[PDB]
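Below is the file input-v3.cif, which contains mmCIF, C-alpha atoms.
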```cif
data_protein
loop_
_atom_site.group_PDB
_atom_site.id
_atom_site.type_symbol
_atom_site.label_atom_id
_atom_site.label_comp_id
_atom_site.auth_asym_id
_atom_site.auth_seq_id
_atom_site.Cartn_x
_atom_site.Cartn_y
_atom_site.Cartn_z
ATOM 1 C CA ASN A 5 -19.103 -11.267 4.453
ATOM 2 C CA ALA A 6 -17.888 -8.598 2.140
ATOM 3 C CA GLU A 7 -15.822 -7.677 5.240
ATOM 4 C CA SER A 8 -14.182 -11.040 5.265
ATOM 5 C CA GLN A 9 -13.526 -10.894 1.495
ATOM 6 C CA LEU A 10 -11.971 -7.350 2.026
ATOM 7 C CA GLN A 11 -9.722 -8.514 4.680
ATOM 8 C CA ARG A 12 -8.533 -11.381 2.602
ATOM 9 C CA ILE A 13 -7.738 -9.021 -0.355
ATOM 10 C CA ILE A 14 -5.786 -6.698 1.894
ATOM 11 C CA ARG A 15 -3.729 -9.727 2.977
ATOM 12 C CA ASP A 16 -3.320 -10.806 -0.622
ATOM 13 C CA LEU A 17 -1.998 -7.327 -1.424
ATOM 14 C CA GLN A 18 0.510 -7.772 1.400
ATOM 15 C CA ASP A 19 1.609 -11.193 0.086
ATOM 16 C CA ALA A 20 1.988 -9.705 -3.419
ATOM 17 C CA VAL A 21 4.121 -6.896 -1.957
ATOM 18 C CA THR A 22 6.298 -9.379 -0.113
ATOM 19 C CA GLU A 23 6.600 -11.519 -3.251
ATOM 20 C CA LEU A 24 7.765 -8.427 -5.255
ATOM 21 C CA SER A 25 10.220 -7.507 -2.542
ATOM 22 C CA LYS A 26 11.618 -11.129 -2.545
ATOM 23 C CA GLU A 27 11.541 -11.398 -6.317
ATOM 24 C CA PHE A 28 13.464 -8.108 -6.444
ATOM 25 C CA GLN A 29 16.008 -9.305 -3.879
ATOM 26 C CA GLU A 30 16.322 -12.672 -5.721
ATOM 27 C CA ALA A 31 16.529 -11.262 -9.306
ATOM 28 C CA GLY A 32 18.874 -8.485 -8.285
ATOM 29 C CA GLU A 33 17.228 -6.245 -10.844
ATOM 30 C CA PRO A 34 13.976 -4.253 -11.335
ATOM 31 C CA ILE A 35 10.651 -6.018 -11.573
ATOM 32 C CA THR A 36 9.450 -6.484 -15.039
ATOM 33 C CA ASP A 37 6.101 -7.212 -16.834
ATOM 34 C CA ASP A 38 6.587 -10.942 -16.816
ATOM 35 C CA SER A 39 6.342 -10.989 -12.995
ATOM 36 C CA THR A 40 3.266 -12.962 -11.962
ATOM 37 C CA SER A 41 3.451 -11.274 -8.648
ATOM 38 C CA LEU A 42 3.222 -7.814 -10.287
ATOM 39 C CA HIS A 43 0.235 -9.194 -11.994
ATOM 40 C CA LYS A 44 -1.325 -10.372 -8.769
ATOM 41 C CA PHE A 45 -0.455 -7.042 -7.078
ATOM 42 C CA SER A 46 -2.120 -5.140 -9.854
ATOM 43 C CA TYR A 47 -5.284 -7.130 -9.612
ATOM 44 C CA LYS A 48 -5.478 -6.933 -5.822
ATOM 45 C CA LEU A 49 -5.002 -3.182 -5.836
ATOM 46 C CA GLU A 50 -7.568 -2.816 -8.504
ATOM 47 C CA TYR A 51 -9.990 -4.924 -6.438
ATOM 48 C CA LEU A 52 -9.514 -2.532 -3.545
ATOM 49 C CA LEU A 53 -9.897 0.490 -5.824
ATOM 50 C CA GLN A 54 -13.162 -0.820 -7.174
ATOM 51 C CA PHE A 55 -14.495 -2.090 -3.779
ATOM 52 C CA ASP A 56 -17.675 -0.359 -2.650
ATOM 53 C CA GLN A 57 -17.048 2.258 -5.313
ATOM 54 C CA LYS A 58 -19.956 4.565 -6.018
ATOM 55 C CA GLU A 59 -21.114 4.377 -9.641
ATOM 56 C CA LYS A 60 -20.461 7.443 -11.743
ATOM 57 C CA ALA A 61 -20.545 8.444 -15.399
ATOM 58 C CA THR A 62 -20.021 11.526 -17.714
ATOM 59 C CA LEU A 63 -23.110 13.305 -19.128
ATOM 60 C CA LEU A 64 -22.630 11.128 -22.309
ATOM 61 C CA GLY A 65 -22.713 7.986 -20.209
ATOM 62 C CA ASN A 66 -19.168 6.851 -20.257
ATOM 63 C CA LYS A 67 -18.015 5.006 -17.203
ATOM 64 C CA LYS A 68 -15.898 6.808 -14.611
ATOM 65 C CA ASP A 69 -13.628 4.633 -12.397
ATOM 66 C CA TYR A 70 -10.782 5.009 -9.946
ATOM 67 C CA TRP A 71 -8.749 7.023 -12.410
ATOM 68 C CA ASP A 72 -11.401 9.698 -12.101
ATOM 69 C CA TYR A 73 -11.119 9.488 -8.269
ATOM 70 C CA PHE A 74 -7.386 10.046 -8.546
ATOM 71 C CA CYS A 75 -7.924 13.078 -10.806
ATOM 72 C CA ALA A 76 -10.462 14.531 -8.372
ATOM 73 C CA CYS A 77 -7.958 14.137 -5.500
ATOM 74 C CA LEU A 78 -4.759 15.113 -7.216
ATOM 75 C CA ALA A 79 -5.085 16.829 -10.739
ATOM 76 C CA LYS A 80 -4.690 20.155 -9.034
ATOM 77 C CA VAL A 81 -2.413 19.436 -6.214
ATOM 78 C CA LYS A 82 0.898 21.039 -7.031
ATOM 79 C CA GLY A 83 3.600 18.554 -7.131
ATOM 80 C CA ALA A 84 1.165 15.607 -7.134
ATOM 81 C CA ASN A 85 -0.012 15.573 -10.709
ATOM 82 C CA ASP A 86 2.960 14.381 -12.714
ATOM 83 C CA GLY A 87 1.389 10.955 -13.285
ATOM 84 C CA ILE A 88 -2.042 12.560 -13.979
ATOM 85 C CA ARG A 89 -0.431 14.634 -16.727
ATOM 86 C CA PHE A 90 1.526 11.715 -18.068
ATOM 87 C CA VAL A 91 -1.561 9.532 -18.439
ATOM 88 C CA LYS A 92 -3.596 12.412 -19.904
ATOM 89 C CA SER A 93 -0.966 12.679 -22.677
ATOM 90 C CA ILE A 94 -1.367 9.079 -23.857
ATOM 91 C CA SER A 95 -3.805 9.169 -26.740
ATOM 92 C CA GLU A 96 -4.021 5.314 -26.967
ATOM 93 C CA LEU A 97 -5.804 4.989 -23.576
ATOM 94 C CA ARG A 98 -9.459 5.240 -24.233
ATOM 95 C CA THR A 99 -11.172 4.309 -21.040
ATOM 96 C CA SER A 100 -11.003 5.282 -17.315
ATOM 97 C CA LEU A 101 -10.065 1.714 -16.522
ATOM 98 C CA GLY A 102 -7.114 1.849 -18.847
ATOM 99 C CA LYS A 103 -6.020 5.300 -17.657
ATOM 100 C CA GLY A 104 -6.156 4.170 -14.058
ATOM 101 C CA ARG A 105 -3.964 1.118 -14.818
ATOM 102 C CA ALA A 106 -1.461 3.379 -16.599
ATOM 103 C CA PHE A 107 -1.381 5.639 -13.579
ATOM 104 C CA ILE A 108 -0.683 2.748 -11.209
ATOM 105 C CA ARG A 109 2.137 1.509 -13.449
ATOM 106 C CA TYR A 110 3.616 4.989 -13.803
ATOM 107 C CA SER A 111 3.490 5.345 -10.027
ATOM 108 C CA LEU A 112 5.324 1.997 -9.555
ATOM 109 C CA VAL A 113 8.019 2.971 -12.046
ATOM 110 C CA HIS A 114 8.539 6.274 -10.234
ATOM 111 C CA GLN A 115 8.366 4.768 -6.756
ATOM 112 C CA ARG A 116 5.477 7.058 -5.806
ATOM 113 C CA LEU A 117 2.480 4.719 -5.390
ATOM 114 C CA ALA A 118 2.191 4.762 -1.703
ATOM 115 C CA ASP A 119 2.592 8.528 -1.451
ATOM 116 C CA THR A 120 0.052 9.171 -4.179
ATOM 117 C CA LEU A 121 -2.557 6.941 -2.579
ATOM 118 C CA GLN A 122 -1.885 8.263 0.845
ATOM 119 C CA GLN A 123 -2.568 11.747 -0.565
ATOM 120 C CA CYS A 124 -5.898 10.503 -2.080
ATOM 121 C CA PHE A 125 -7.142 8.864 1.054
ATOM 122 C CA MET A 126 -6.316 11.907 3.097
ATOM 123 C CA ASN A 127 -8.957 13.729 1.109
ATOM 124 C CA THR A 128 -11.901 12.624 3.122
ATOM 125 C CA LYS A 129 -14.331 14.782 1.147
ATOM 126 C CA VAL A 130 -13.489 13.272 -2.225
ATOM 127 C CA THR A 131 -13.090 9.742 -0.889
ATOM 128 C CA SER A 132 -16.515 9.833 0.745
ATOM 129 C CA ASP A 133 -18.033 11.108 -2.512
ATOM 130 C CA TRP A 134 -16.499 7.990 -4.345
ATOM 131 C CA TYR A 135 -16.833 5.180 -1.856
ATOM 132 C CA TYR A 136 -19.419 3.500 0.425
ATOM 133 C CA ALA A 137 -18.772 2.702 4.030
ATOM 134 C CA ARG A 138 -16.954 -0.500 3.959
ATOM 135 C CA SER A 139 -14.153 0.898 1.707
ATOM 136 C CA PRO A 140 -10.883 0.585 3.529
ATOM 137 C CA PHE A 141 -9.980 4.039 2.173
ATOM 138 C CA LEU A 142 -12.338 5.711 4.631
ATOM 139 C CA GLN A 143 -10.800 3.931 7.695
ATOM 140 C CA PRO A 144 -7.139 4.750 8.711
ATOM 141 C CA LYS A 145 -6.882 1.549 10.541
ATOM 142 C CA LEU A 146 -7.247 -0.141 7.118
ATOM 143 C CA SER A 147 -5.973 2.560 4.753
ATOM 144 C CA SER A 148 -2.564 2.832 6.629
ATOM 145 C CA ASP A 149 -2.299 -0.908 6.583
ATOM 146 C CA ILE A 150 -2.589 -0.835 2.782
ATOM 147 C CA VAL A 151 -0.367 2.294 2.505
ATOM 148 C CA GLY A 152 2.085 0.701 4.850
ATOM 149 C CA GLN A 153 2.459 -2.269 2.502
ATOM 150 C CA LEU A 154 2.945 0.160 -0.334
ATOM 151 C CA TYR A 155 5.803 1.970 1.297
ATOM 152 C CA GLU A 156 7.789 -1.238 1.057
ATOM 153 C CA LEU A 157 7.556 -0.801 -2.698
ATOM 154 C CA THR A 158 8.944 2.697 -2.476
ATOM 155 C CA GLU A 159 12.355 0.908 -2.498
ATOM 156 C CA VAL A 160 11.617 -1.735 -5.155
ATOM 157 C CA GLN A 161 12.408 -0.770 -8.699
ATOM 158 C CA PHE A 162 10.127 -1.379 -11.482
ATOM 159 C CA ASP A 163 11.163 -1.319 -15.074
ATOM 160 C CA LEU A 164 7.802 -1.392 -16.684
ATOM 161 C CA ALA A 165 7.400 -0.994 -20.320
ATOM 162 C CA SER A 166 5.311 1.795 -21.736
ATOM 163 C CA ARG A 167 4.084 -0.143 -24.770
ATOM 164 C CA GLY A 168 3.623 -3.755 -25.783
ATOM 165 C CA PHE A 169 0.066 -4.302 -24.306
ATOM 166 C CA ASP A 170 -3.484 -2.702 -24.278
ATOM 167 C CA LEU A 171 -4.495 -1.500 -20.726
ATOM 168 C CA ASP A 172 -8.029 -0.751 -21.682
ATOM 169 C CA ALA A 173 -8.390 -4.532 -22.269
ATOM 170 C CA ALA A 174 -6.034 -6.133 -19.756
ATOM 171 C CA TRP A 175 -3.216 -5.840 -17.349
ATOM 172 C CA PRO A 176 0.130 -6.837 -19.054
ATOM 173 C CA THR A 177 1.167 -10.460 -18.703
ATOM 174 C CA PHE A 178 4.802 -10.268 -20.034
#
```
Starting from the file, lay out its structure as structure tokens.
Amino acid sequence: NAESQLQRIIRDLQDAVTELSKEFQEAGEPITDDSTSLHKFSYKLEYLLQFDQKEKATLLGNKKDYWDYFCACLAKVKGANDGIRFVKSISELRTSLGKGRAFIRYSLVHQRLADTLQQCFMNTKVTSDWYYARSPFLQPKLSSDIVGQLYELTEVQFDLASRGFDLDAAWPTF
């Protein structure tokens, strides 16, 4: 059911990763915002990040999302919070969704995504507080598959712009 849809999305993430690796190889230069495969990657990773996510909010009712999970895992982990601090310094980002997208893109630019997510999923305590059972992040068999795919991006360069779009509204398309 949901299991079969999960599995498909994990494969989609893999196909997006391979696409980016091929596009990189083909282009002979860093991936840019007009890559439809970066776009697909972004959406598949976000799907996974939102999958079986527990619902949470601030005391004023604003929505928390995976950005808030990343902060809980990493904001105080020395060495691990460069991207947390970067996104916290962007005044334009108004929502947890948008902040989380910025963090993913920062991580891609700096070739740290896999390592950062691996570090999140290692925190079993926080991950269990944010996710229901079927989340791949609670299952190494599945979480290392996803992390594994991500390590192939550790060698792909991304030259992603820092402005020219509104992440609170949408992933960039060019």
Identify the residues around (-12.2, -8.5, 3.1) within a radius of 12 Å, measuring from all atoms listed in the file in the coordinates stated by the file, and give them as a tab-separated table (two decimals) with C-alpha atoms, keeping the file's coordinate frame.
```
chain	number	residue	atom	x	y	z
A	5	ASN	CA	-19.10	-11.27	4.45
A	6	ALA	CA	-17.89	-8.60	2.14
A	7	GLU	CA	-15.82	-7.68	5.24
A	8	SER	CA	-14.18	-11.04	5.26
A	9	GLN	CA	-13.53	-10.89	1.50
A	10	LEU	CA	-11.97	-7.35	2.03
A	11	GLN	CA	-9.72	-8.51	4.68
A	12	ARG	CA	-8.53	-11.38	2.60
A	13	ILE	CA	-7.74	-9.02	-0.36
A	14	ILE	CA	-5.79	-6.70	1.89
A	15	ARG	CA	-3.73	-9.73	2.98
A	16	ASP	CA	-3.32	-10.81	-0.62
A	17	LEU	CA	-2.00	-7.33	-1.42
A	48	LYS	CA	-5.48	-6.93	-5.82
A	51	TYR	CA	-9.99	-4.92	-6.44
A	52	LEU	CA	-9.51	-2.53	-3.54
A	55	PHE	CA	-14.50	-2.09	-3.78
A	56	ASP	CA	-17.68	-0.36	-2.65
A	138	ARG	CA	-16.95	-0.50	3.96
A	139	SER	CA	-14.15	0.90	1.71
A	140	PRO	CA	-10.88	0.58	3.53
A	146	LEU	CA	-7.25	-0.14	7.12
```
#### Entry: Who sits within 9 Å of residue 84 (chain A), all atoms listed in the file, same chain under 6 positions skipped, as number ranges by chain
A: 78, 120, 123
### Task
Find the residues near residue 153 (chain A): any atom within 12 Å, counting only C-alpha atoms, skip ones fewer than 3 places away on the same chain, and give them as a PyMOL selection string.
chain A and resi 14-25+45+49+117-119+121-122+146-150+156-160
Generate the output file for the selected residues, C-alpha atoms, as a compact mmCIF listing (two decimals), in the coordinates of the input.
```
# COMPACT_ATOMS: atom_id res chain seq x y z
CA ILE A 14 -5.79 -6.70 1.89
CA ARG A 15 -3.73 -9.73 2.98
CA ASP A 16 -3.32 -10.81 -0.62
CA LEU A 17 -2.00 -7.33 -1.42
CA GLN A 18 0.51 -7.77 1.40
CA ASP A 19 1.61 -11.19 0.09
CA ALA A 20 1.99 -9.70 -3.42
CA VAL A 21 4.12 -6.90 -1.96
CA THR A 22 6.30 -9.38 -0.11
CA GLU A 23 6.60 -11.52 -3.25
CA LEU A 24 7.76 -8.43 -5.26
CA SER A 25 10.22 -7.51 -2.54
CA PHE A 45 -0.46 -7.04 -7.08
CA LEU A 49 -5.00 -3.18 -5.84
CA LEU A 117 2.48 4.72 -5.39
CA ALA A 118 2.19 4.76 -1.70
CA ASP A 119 2.59 8.53 -1.45
CA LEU A 121 -2.56 6.94 -2.58
CA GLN A 122 -1.88 8.26 0.84
CA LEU A 146 -7.25 -0.14 7.12
CA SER A 147 -5.97 2.56 4.75
CA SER A 148 -2.56 2.83 6.63
CA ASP A 149 -2.30 -0.91 6.58
CA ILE A 150 -2.59 -0.84 2.78
CA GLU A 156 7.79 -1.24 1.06
CA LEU A 157 7.56 -0.80 -2.70
CA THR A 158 8.94 2.70 -2.48
CA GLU A 159 12.36 0.91 -2.50
CA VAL A 160 11.62 -1.74 -5.16
```
### Query
Quick one: distance from CA of residue 174 (chain A) to CA of residue 152 (chain A) in Å, one decimal?
26.8 Å
### Query
For the file shown, what are the residues hit by the PyMOL selection byres ((chain A and resi 77) around 12), laid out as a PyMOL selection string?
chain A and resi 70-76+78-82+84-85+88+120-134
### Straight-line distance linking CA of residue 97 (chain A) with CA of residue 50 (chain A), stated in Å to one decimal
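Answer for the CA of residue 97 (chain A) to CA of residue 50 (chain A) separation: 17.1 Å.
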Around all listed atoms of region 27-39 of chain A, padded 6 Å per side, what centre and edge lengths does the axis-aligned box have in Å to one decimal, as lines of an AutoDock Vina configuration file?
```
center_x = 12.5
center_y = -8.5
center_z = -10.4
size_x = 24.8
size_y = 20.4
size_z = 25.0
```
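Taking CA of residue 41 (chain A) and CA of residue 113 (chain A) as endpoints, the distance between them is 15.3 Å.
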